[PDB]
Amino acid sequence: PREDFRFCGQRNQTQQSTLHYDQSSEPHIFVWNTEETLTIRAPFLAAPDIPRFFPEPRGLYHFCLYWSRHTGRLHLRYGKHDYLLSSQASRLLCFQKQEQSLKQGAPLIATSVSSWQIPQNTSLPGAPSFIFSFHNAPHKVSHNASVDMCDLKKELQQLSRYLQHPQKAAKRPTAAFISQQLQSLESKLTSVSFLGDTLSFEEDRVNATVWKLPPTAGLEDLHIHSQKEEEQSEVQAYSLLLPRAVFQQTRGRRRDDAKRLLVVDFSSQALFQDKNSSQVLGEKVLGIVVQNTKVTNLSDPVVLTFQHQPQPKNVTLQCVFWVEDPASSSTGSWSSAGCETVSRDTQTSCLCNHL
């Protein structure tokens, strides 16, 4: 709910004691309590000002170790005070597994834990040390309730793996396979549970981003910009303008439920090869999806503007969108229907009345 990771308990102070934090090489959260020092280790960079000593008075101290991925904060609240362990904890990790920790020391008391993947308040046996790691296997069942970020992250790393070396794969994937995967990917992006307003999956040759739309989003247009560093791959940057009508709930729609924006940015056309295998500028294929919605006959069009290096001696640039035939099981094709092109030498803009 409110944080990615919460580990709480009580500490019996039998003497003047210290707080110690280290950045671990391993992606674990390690908590080790000795009589003189409470030690916390996490994969995040150490904040440079971490206080050395705990409050002088002896007694029982309630504590909670907090991690939040989008706030980038790993802080330890302790008794009446709060200690900031890391200020740059913005890294995709999923804590759902406790490892056996056989360290000796002063056991912690009334310990409990809850994470994003395991949101229940789970009491743990008291122990001098605790180790929190992740499962590698996908333990989330086929509930369709929510998709796990780290599971989706590995799936998108798998696709990126194929885009880098599509010649190396064991098979040339059929159209039905690719269509099934792109449906699955879209489905998982609309249902993935995360804490921030935006979640981006940035991989080699693919970048998928999820926007949690506000109720206010229907009121105003949406502007999106990207950065690609101007290498000589023929495409350098893009911008998007999404009209307010695209985000508007339908006339007979109810409940004002949250909707999501999906921008899947491909730097590869491996999944979009028509018959005759037509080429696309910079292999750029840009997927735009409003969750479970099709809009058509737009007054103000969605516009896609692309900066590129010109190669116009024997070629013209035409804005198109990928269309497939359900019940064909055959490769798709490009269509320019309802999409107007303005193609200056170094810049081209696509004006489409639908997405």
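All residue numbers are counted from 1 along the displayed sequence.
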item	value
Between the two ranges 39 to 47 and 313 to 321, the one averaging a larger CA B factor in the entry	313 to 321
Stretch exceeding the other in mean C-alpha B-factor - 62 to 70, 304 to 312	304 to 312
Most elevated Cα B-factor in the entry, residues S335, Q10, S24, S17	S17
Among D265, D151, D274, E231 - the residue whose C-alpha B-factor is largest in the record	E231
Third of chain Cα B-factors occupied by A208	lowest
Chain-relative CA temperature factor third for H75	middle
Cα B factor band for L298 (lowest, middle or highest third within the chain)	middle
Chain thirds of CA B-factor: placement of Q236	highest
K171 - which third its CA temperature factor falls in, relative to the rest of the chain	lowest
